[PDB]
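Note: the block below is structure_37.json and it holds JSON, C-alpha atoms.
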```
[["chain", "number", "residue", "atom", "x", "y", "z"],
["A", 1, "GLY", "CA", 0.00, 0.00, 0.00],
["A", 2, "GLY", "CA", 0.87, 3.69, 0.17],
["A", 3, "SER", "CA", 3.91, 4.60, -1.92],
["A", 4, "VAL", "CA", 5.59, 1.22, -1.35],
["A", 5, "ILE", "CA", 6.78, -0.52, -4.53],
["A", 6, "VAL", "CA", 6.29, -4.29, -4.46],
["A", 7, "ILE", "CA", 9.32, -6.13, -5.90],
["A", 8, "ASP", "CA", 8.25, -9.18, -7.89],
["A", 9, "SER", "CA", 11.55, -10.36, -9.39],
["A", 10, "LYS", "CA", 15.32, -10.12, -9.30],
["A", 11, "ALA", "CA", 15.13, -8.10, -12.52],
["A", 12, "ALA", "CA", 12.83, -5.54, -10.90],
["A", 13, "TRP", "CA", 15.02, -5.45, -7.78],
["A", 14, "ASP", "CA", 18.10, -4.61, -9.87],
["A", 15, "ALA", "CA", 16.24, -1.94, -11.84],
["A", 16, "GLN", "CA", 14.99, -0.17, -8.71],
["A", 17, "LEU", "CA", 18.44, -0.25, -7.10],
["A", 18, "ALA", "CA", 19.86, 1.21, -10.31],
["A", 19, "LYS", "CA", 17.26, 4.01, -10.36],
["A", 20, "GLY", "CA", 17.92, 4.99, -6.74],
["A", 21, "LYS", "CA", 21.62, 5.25, -7.63],
["A", 22, "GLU", "CA", 20.94, 7.46, -10.67],
["A", 23, "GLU", "CA", 18.33, 9.59, -8.86],
["A", 24, "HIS", "CA", 20.69, 9.92, -5.85],
["A", 25, "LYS", "CA", 17.85, 8.90, -3.57],
["A", 26, "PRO", "CA", 18.11, 6.39, -0.71],
["A", 27, "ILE", "CA", 16.09, 3.18, -0.85],
["A", 28, "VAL", "CA", 14.52, 1.53, 2.22],
["A", 29, "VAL", "CA", 13.43, -2.09, 1.81],
["A", 30, "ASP", "CA", 11.11, -4.17, 3.99],
["A", 31, "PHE", "CA", 11.93, -7.90, 3.76],
["A", 32, "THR", "CA", 8.71, -9.52, 4.97],
["A", 33, "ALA", "CA", 6.49, -12.61, 5.07],
["A", 34, "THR", "CA", 2.75, -12.87, 5.60],
["A", 35, "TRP", "CA", 3.15, -15.71, 8.14],
["A", 36, "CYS", "CA", 5.32, -13.50, 10.37],
["A", 37, "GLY", "CA", 3.53, -11.69, 13.19],
["A", 38, "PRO", "CA", 5.91, -8.74, 13.67],
["A", 39, "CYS", "CA", 5.83, -8.15, 9.89],
["A", 40, "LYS", "CA", 2.07, -7.58, 10.03],
["A", 41, "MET", "CA", 2.45, -5.23, 13.01],
["A", 42, "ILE", "CA", 4.98, -2.93, 11.30],
["A", 43, "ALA", "CA", 3.68, -2.96, 7.71],
["A", 44, "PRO", "CA", 1.16, -0.13, 8.38],
["A", 45, "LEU", "CA", 3.93, 2.16, 9.64],
["A", 46, "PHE", "CA", 6.18, 1.31, 6.69],
["A", 47, "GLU", "CA", 3.28, 2.30, 4.42],
["A", 48, "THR", "CA", 2.57, 5.54, 6.28],
["A", 49, "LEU", "CA", 6.25, 6.52, 6.23],
["A", 50, "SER", "CA", 6.28, 5.74, 2.50],
["A", 51, "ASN", "CA", 3.67, 8.46, 2.05],
["A", 52, "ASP", "CA", 5.33, 10.95, 4.43],
["A", 53, "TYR", "CA", 8.77, 10.61, 2.79],
["A", 54, "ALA", "CA", 7.53, 10.24, -0.80],
["A", 55, "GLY", "CA", 10.01, 12.13, -2.97],
["A", 56, "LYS", "CA", 12.91, 11.91, -0.52],
["A", 57, "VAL", "CA", 13.12, 8.14, 0.09],
["A", 58, "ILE", "CA", 12.14, 5.20, -2.16],
["A", 59, "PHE", "CA", 10.25, 2.39, -0.36],
["A", 60, "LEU", "CA", 10.42, -1.22, -1.60],
["A", 61, "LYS", "CA", 8.76, -4.40, -0.32],
["A", 62, "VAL", "CA", 10.30, -7.84, -0.83],
["A", 63, "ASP", "CA", 8.06, -10.72, 0.20],
["A", 64, "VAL", "CA", 10.54, -13.53, 0.87],
["A", 65, "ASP", "CA", 8.02, -16.04, -0.49],
["A", 66, "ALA", "CA", 7.73, -14.17, -3.79],
["A", 67, "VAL", "CA", 11.43, -13.41, -4.39],
["A", 68, "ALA", "CA", 13.50, -15.97, -2.47],
["A", 69, "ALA", "CA", 16.61, -15.29, -4.58],
["A", 70, "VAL", "CA", 16.64, -11.63, -3.59],
["A", 71, "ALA", "CA", 16.00, -12.56, 0.04],
["A", 72, "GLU", "CA", 18.93, -15.00, -0.11],
["A", 73, "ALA", "CA", 21.37, -12.44, -1.52],
["A", 74, "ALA", "CA", 20.37, -9.95, 1.20],
["A", 75, "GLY", "CA", 21.40, -12.35, 3.99],
["A", 76, "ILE", "CA", 18.07, -12.22, 5.82],
["A", 77, "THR", "CA", 17.58, -14.43, 8.88],
["A", 78, "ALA", "CA", 14.71, -12.79, 10.78],
["A", 79, "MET", "CA", 11.76, -10.70, 9.86],
["A", 80, "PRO", "CA", 10.96, -8.00, 9.33],
["A", 81, "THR", "CA", 14.40, -6.85, 8.17],
["A", 82, "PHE", "CA", 14.84, -3.34, 6.77],
["A", 83, "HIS", "CA", 17.77, -2.50, 4.51],
["A", 84, "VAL", "CA", 18.86, 0.93, 3.29],
["A", 85, "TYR", "CA", 20.52, 1.07, -0.13],
["A", 86, "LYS", "CA", 22.57, 4.01, -1.40],
["A", 87, "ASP", "CA", 24.41, 4.10, -4.74],
["A", 88, "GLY", "CA", 23.47, 0.47, -5.37],
["A", 89, "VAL", "CA", 24.81, -1.10, -2.17],
["A", 90, "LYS", "CA", 23.59, -1.84, 1.34],
["A", 91, "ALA", "CA", 24.29, 1.09, 3.65],
["A", 92, "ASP", "CA", 22.42, 0.25, 6.88],
["A", 93, "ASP", "CA", 19.91, -2.20, 8.30],
["A", 94, "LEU", "CA", 17.39, -2.69, 11.09],
["A", 95, "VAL", "CA", 15.84, -5.95, 12.29],
["A", 96, "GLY", "CA", 12.53, -6.24, 14.12],
["A", 97, "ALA", "CA", 9.29, -4.34, 14.52],
["A", 98, "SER", "CA", 10.28, -1.35, 16.66],
["A", 99, "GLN", "CA", 8.22, 1.61, 15.46],
["A", 100, "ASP", "CA", 10.61, 4.18, 16.93],
["A", 101, "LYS", "CA", 13.65, 2.56, 15.35],
["A", 102, "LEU", "CA", 12.02, 2.40, 11.90],
["A", 103, "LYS", "CA", 11.04, 6.07, 12.10],
["A", 104, "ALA", "CA", 14.60, 6.91, 13.15],
["A", 105, "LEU", "CA", 16.15, 4.87, 10.34],
["A", 106, "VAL", "CA", 14.13, 6.65, 7.67],
["A", 107, "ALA", "CA", 14.82, 10.07, 9.16],
["A", 108, "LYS", "CA", 18.54, 9.29, 9.40],
["A", 109, "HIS", "CA", 18.85, 8.44, 5.73],
["A", 110, "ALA", "CA", 16.37, 11.05, 4.44],
["A", 111, "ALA", "CA", 18.37, 13.95, 5.92],
["A", 112, "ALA", "CA", 20.83, 12.63, 3.34]]
```
Please express the file's structure as structure tokens.
Amino acid sequence: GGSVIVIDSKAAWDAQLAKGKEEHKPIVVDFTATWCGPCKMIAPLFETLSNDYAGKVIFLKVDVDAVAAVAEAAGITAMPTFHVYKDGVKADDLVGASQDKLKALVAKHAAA
């Protein structure tokens, strides 16, 4: 929902990472699963933040069931896991469903 872009393939993943690098905009990614309780608790905030920061931060969703190869390359072991990507590469991460920590992560990387 919101301004979150759902990733459906490795090809789409690569293309979004490439666009964030060209646009010089940070990317925040939610690695998630619909069987995971904490994922369901935090997804509304991820969506709201995607609206609030639309234009400053790009928001992607990777369902680990839908794109296991992208989940594997990201080294995920618990969910939700949030990654920040800048200039094509992982810059930061945050594991778990803390609302304050997710807000702080987006603000940190949106201030540039």
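When only C-alpha atoms are used to compute distances to residue 3 (chain A), the closest of the residues A:18, A:104, A:68, A:61 turns out to be A:61.
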List the spatial neighbours of residue 52 (chain A) as a ChimeraX atom specification - criterion: any atom at most 12 Å away, all atoms listed in the file, same-chain residues fewer than 6 positions off excluded.
/A:2-4,45-46,58-59,103,106-107,110
Deliver the residues from the most recent selection as a file, using C-alpha atoms, as a CSV table (one decimal), keeping the file's coordinate frame.
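The resulting file, out_32.csv, is shown below:
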```csv
chain,number,residue,atom,x,y,z
A,2,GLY,CA,0.9,3.7,0.2
A,3,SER,CA,3.9,4.6,-1.9
A,4,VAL,CA,5.6,1.2,-1.4
A,45,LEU,CA,3.9,2.2,9.6
A,46,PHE,CA,6.2,1.3,6.7
A,58,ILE,CA,12.1,5.2,-2.2
A,59,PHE,CA,10.2,2.4,-0.4
A,103,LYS,CA,11.0,6.1,12.1
A,106,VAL,CA,14.1,6.6,7.7
A,107,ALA,CA,14.8,10.1,9.2
A,110,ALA,CA,16.4,11.0,4.4
```
Length of the CA of residue 31 (chain A) to CA of residue 44 (chain A) vector [Å]
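Going from CA of residue 31 (chain A) over to CA of residue 44 (chain A), I get 14.1 Å.
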For each of A:109, A:1, A:11, A:21, take the minimum atom-to-atom distance to residue 70 (chain A), counting only C-alpha atoms, then give the residue where this is smallest.
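Closest residue, counting only C-alpha atoms: A:11.
The interatomic distance for the pair CA of residue 96 (chain A) and CA of residue 81 (chain A) works out to 6.3 Å.
Among A:98, A:16, A:32, A:50, the residue with the shortest atom-to-atom distance to residue 71 (chain A), counting only C-alpha atoms, is A:32.
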One residue among A:54, A:64, A:95, A:6 is nearest to residue 25 (chain A) when using only C-alpha atoms, and that residue is A:54
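One finds CA of residue 48 (chain A) at 22.8 Å from CA of residue 90 (chain A).
Take the candidates A:40, A:56, A:10, A:19 and check each one against residue 112 (chain A) using all atoms listed in the file; the shortest distance goes to A:56.
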Let me make sure I understand: among A:66, A:78, A:57, A:84, which one has the smallest atom-to-atom distance to residue 24 (chain A) if we use only C-alpha atoms?
A:57
If we count only C-alpha atoms and set the cut-off at 6 Å, which residues sit around residue 82 (chain A), ignoring sequence neighbours fewer than 2 positions away in its own chain? Please answer as JSON, numbers by chain.
{"A": [29, 30, 93, 94]}
Please determine an axis-aligned box that encloses all atoms of region 22-29 of chain A listed in the file, with 8 Å added on each side, and express its centre and edge lengths in Å to one decimal as AutoDock Vina command-line options.
```
--center_x 17.2 --center_y 3.9 --center_z -4.2 --size_x 23.5 --size_y 28.0 --size_z 28.9
```
Please, could N, CA and C atoms be added to region 11-41 of chain A and the result written as a tab-separated table (two decimals), in the coordinates of the input?
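Output (selection_10.tsv):
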```
chain	number	residue	atom	x	y	z
A	11	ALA	N	14.99	-9.15	-11.52
A	11	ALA	CA	15.13	-8.10	-12.52
A	11	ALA	C	14.58	-6.77	-12.02
A	12	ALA	N	13.40	-6.79	-11.39
A	12	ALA	CA	12.83	-5.54	-10.90
A	12	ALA	C	13.64	-4.98	-9.74
A	13	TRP	N	14.14	-5.87	-8.87
A	13	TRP	CA	15.02	-5.45	-7.78
A	13	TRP	C	16.22	-4.67	-8.32
A	14	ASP	N	16.95	-5.27	-9.26
A	14	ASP	CA	18.10	-4.61	-9.87
A	14	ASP	C	17.73	-3.26	-10.46
A	15	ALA	N	16.61	-3.19	-11.17
A	15	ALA	CA	16.24	-1.94	-11.84
A	15	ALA	C	15.93	-0.84	-10.83
A	16	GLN	N	15.27	-1.18	-9.72
A	16	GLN	CA	14.99	-0.17	-8.71
A	16	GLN	C	16.27	0.30	-8.02
A	17	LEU	N	17.17	-0.64	-7.69
A	17	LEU	CA	18.44	-0.25	-7.10
A	17	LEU	C	19.20	0.68	-8.04
A	18	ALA	N	19.14	0.39	-9.34
A	18	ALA	CA	19.86	1.21	-10.31
A	18	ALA	C	19.25	2.61	-10.39
A	19	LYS	N	17.92	2.71	-10.28
A	19	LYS	CA	17.26	4.01	-10.36
A	19	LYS	C	17.55	4.86	-9.13
A	20	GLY	N	17.56	4.25	-7.94
A	20	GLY	CA	17.92	4.99	-6.74
A	20	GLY	C	19.34	5.52	-6.81
A	21	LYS	N	20.25	4.78	-7.44
A	21	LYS	CA	21.62	5.25	-7.63
A	21	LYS	C	21.67	6.43	-8.59
A	22	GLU	N	20.97	6.34	-9.72
A	22	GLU	CA	20.94	7.46	-10.67
A	22	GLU	C	20.26	8.68	-10.06
A	23	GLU	N	19.08	8.49	-9.46
A	23	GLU	CA	18.33	9.59	-8.86
A	23	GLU	C	19.01	10.17	-7.62
A	24	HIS	N	20.08	9.54	-7.12
A	24	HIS	CA	20.69	9.92	-5.85
A	24	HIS	C	19.65	10.03	-4.74
A	25	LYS	N	18.82	8.99	-4.64
A	25	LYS	CA	17.85	8.90	-3.57
A	25	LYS	C	18.06	7.60	-2.80
A	26	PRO	N	17.95	7.63	-1.48
A	26	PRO	CA	18.11	6.39	-0.71
A	26	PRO	C	16.90	5.49	-0.88
A	27	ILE	N	17.14	4.19	-0.75
A	27	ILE	CA	16.09	3.18	-0.85
A	27	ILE	C	15.99	2.48	0.49
A	28	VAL	N	14.76	2.34	1.02
A	28	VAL	CA	14.52	1.53	2.22
A	28	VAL	C	13.65	0.35	1.82
A	29	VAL	N	14.05	-0.84	2.23
A	29	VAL	CA	13.43	-2.09	1.81
A	29	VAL	C	12.93	-2.82	3.04
A	30	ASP	N	11.68	-3.30	2.98
A	30	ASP	CA	11.11	-4.17	3.99
A	30	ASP	C	11.13	-5.59	3.43
A	31	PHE	N	11.95	-6.46	4.04
A	31	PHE	CA	11.93	-7.90	3.76
A	31	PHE	C	10.94	-8.55	4.72
A	32	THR	N	9.90	-9.19	4.18
A	32	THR	CA	8.71	-9.52	4.97
A	32	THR	C	8.09	-10.84	4.51
A	33	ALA	N	7.22	-11.38	5.36
A	33	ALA	CA	6.49	-12.61	5.07
A	33	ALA	C	5.12	-12.50	5.72
A	34	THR	N	4.09	-13.02	5.05
A	34	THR	CA	2.75	-12.87	5.60
A	34	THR	C	2.45	-13.84	6.73
A	35	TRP	N	3.31	-14.83	6.98
A	35	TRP	CA	3.15	-15.71	8.14
A	35	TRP	C	3.81	-15.15	9.39
A	36	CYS	N	4.49	-14.01	9.29
A	36	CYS	CA	5.32	-13.50	10.37
A	36	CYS	C	4.56	-12.39	11.11
A	37	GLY	N	4.28	-12.62	12.39
A	37	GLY	CA	3.53	-11.69	13.19
A	37	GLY	C	4.07	-10.27	13.22
A	38	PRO	N	5.32	-10.10	13.64
A	38	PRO	CA	5.91	-8.74	13.67
A	38	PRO	C	5.85	-8.04	12.32
A	39	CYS	N	5.94	-8.78	11.21
A	39	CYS	CA	5.83	-8.15	9.89
A	39	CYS	C	4.48	-7.47	9.73
A	40	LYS	N	3.41	-8.15	10.14
A	40	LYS	CA	2.07	-7.58	10.03
A	40	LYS	C	1.92	-6.36	10.93
A	41	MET	N	2.60	-6.36	12.09
A	41	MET	CA	2.45	-5.23	13.01
A	41	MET	C	3.11	-3.96	12.49
```
